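The letters A, B, C, D, E and F name the chains in turn, as written, and every chain counts its residues from 1.
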């Protein structure tokens, strides 16, 4: 089985089953089966959220830097949209919290009790759809085009593609924040500046990554 | 009129009436359970400690519902402190 | 029951199924003790009835056009006269306080004295003149308890909005409909910290 | 069945073959539960009948030439007058809202008060004055649902044309007829990106 | 602002405290030749002082009439007025390391418990296994909670010896 | 009679340094000895003793 590091000792609770099980639990965090299950759902949610966010920071930018759109920088769009829409931060956030809270509540209870949201009579007409299939995979209303119903090996491929792309997107978001935090420019700007003089424009030569006093 | 009589009389009357027909039964019921059940009997015996022992004049009132003199001096006392808190409050404050 | 507070949850066994309004909501398990459950059940209906009357009165005094729920005991301080539907009532806070005391001192003691634990919350009889209970009472009880939980919450809303928004319930509503996103608990100053 | 949503598929099996309007189109599988099956069926027909009435009113008023559907609910904002078929009506916003609520409440309640379920979808009797439901009812229902589904889609079209084009549905129709290759959803500037 | 505490940048006493403190070192520099190590040293103390007595004000440290910077503890006051770097933020920093040290310790204790003679691995510490558990305490908060929500952080009350009442 | 030799039993004697704690049954005198179950403990009392004879009722496997 592919491992995060060749020769690394596979833990024990990480038996090839979860999508992306490369045997990486150095600090034995997922030792508890319940903890591992919650962490698995947490990972999927983190990856999916990051993938749908880095796509909203890179894609819109690459097209702005190609003249197609005019979207502002991810670290400036917030203010631009606030002054554009006119909605006050407070009201905008509060509404979002309530809507996100309700959807999170349903998913949360579905974990606490698997396939429980499909209670007879709960969500008017739809409870059935709110059943769920496996931990972080609410098949049905989600995955409408039925791509995870083709075979039992297209599921295991499409699921390794979600996790590897997610893990990458999650690290990409951390990078974008750190890049702007140190460089003070957009991600594309950083990449372009690096490709210009690759051997003279790195995190070392930024002034913030390593405060070299000596 | 509106002299001390109006305030004192009203307070006394209301408290006595409310304690003679409204809280009187609750008052009796609370007295029983408190002194007979959870609380037992005091002044077992011996010594001139009969002072702590219940009197008798208090338990001698033909008044229906057994409104004893202590009850009349109880609700009435509560009433004479409302008549004098209402008049006094209007005096200043 | 009547539903589930959290579609998916279960249990609240300490809360019986017959209890009028059992949606299962007892997270802090305040109804486990049977005795406490009895008192809490009776108090809820008592609170609902009072809450429903209050909410109606708070909006009525404003809807008909005679003032607001807050600025009503103002006459007793400003130095004016009582005014029901405009008609000046000939009384003073002192005589009203006394009338209330004796009135509540008798009715409330009478209800509390009654020991049936089923007719202390649902007396019926003179309290049910049109005899609407006949034919089915559970649904009406659910509507009474459900409409009341709406009123108890509303009555809190009027006080809270007056405390922060500083506006009458009807007026505050118009403010929201006016600029919804710009006239909420958030754009107020007291509700949210930031 | 009335056909197939995707000729060559077979996935829908929970849907009964006798269900009026059964084209076998359930991509998210919402009709599996029989209770949800009945509810969705009743909701669909209701939505269809309303949409059919709305579409007739939205364009009808324009045909006769008394204004567009969007301009109807504006007089009250400007404090103007209501006018049906040109003839004036002496009402206002709050009174209209109140009269509507009560009427809709007493009517919709009774419809839902029904238990046979089939009647909730097709009551007939007083709702069948001409009694055209003597025969060919099974196919006339398909016409009712097919026209109804089209009516609901058409209603969305009116809103979308007004949202993007802004012009009235009849006007927008003429614009396309006059300049088909020039005027279209593709050139509205809202349908396509940015 | 806050409790009559003027900002050190606007604190005159803070400025005097600088003037008089650098003068007290510029009088000890005179009794020494310009190049002597004594003098190179006193000039570093004057530079270091002039940097600190400015890094503090630039950090918006409110100081009283004494001219000595004061700290705000209330989270609301510290956060609302940008005084989080003092006490507030430092608080969590210690808590994280504190729990890290404690969690790593219990991890080792509970591993040597059972292992042969657990009492001889407390005196002669197993430096290898002690070095394999230090980094495990990095995500201690995640693991500690997972133990609360699993009933494994504490012991049953019927397995802990108690003194006769 | 008594817990099996080698069996670990939770001490139930209140004034026992090893109360609520477990120990291995070294032996159980099958006579009428008041306290017959000899229990050994890795921990030692304040005196330094690491064992004690507990009655059958003072031990719970």
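Basically, contacts are C-beta pairs under 8 Å (C-beta built on N, C-alpha and C of every residue); 3 or more make two chains touch, one makes a residue touch a chain.
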Interface with more contacting C-beta pairs, comparing A-C to B-C: A-C
Most distant chain from chain A by Cα centroid: B
Cα-centroid distance, chain D relative to chain F, in whole angstrom: 84
Rounded Å distance between chain A and chain F, as computed from the means of their C-alpha atoms: 58
Inter-centroid spacing, chain E versus chain A (mean Cα positions, whole Å): 34
Intercentroid distance (Cα basis), chain B paired with chain A, Å: 74
Residues of chain D whose C-beta touches two or more other chains: none
Chain A: positions in contact with at least two other chains: 127
Touch relationships between chains, expressed as pairs: A-C, A-D, A-E, B-C, E-F
Contact footprint of chain A on chain D as seen in their complex: 27-30, 32-33, 35-36, 39-40, 43, 194
Chain C-facing residues of chain A, complex: 86-94, 105-106, 109-110, 112-113, 116-117, 119, 121-123, 127
Residue ranges of chain B touching chain C (in the complex, touch as defined): 10, 14, 17-18, 21-23, 25-26, 86, 90
Parts of chain E lying in touch with chain A, wherever the complex brings them together: 135-136, 138-139, 142-143, 146, 149-150
Partner chain A, residues of chain C touching it in the complex: 3-4, 6-10, 181-182, 184-187, 192, 194
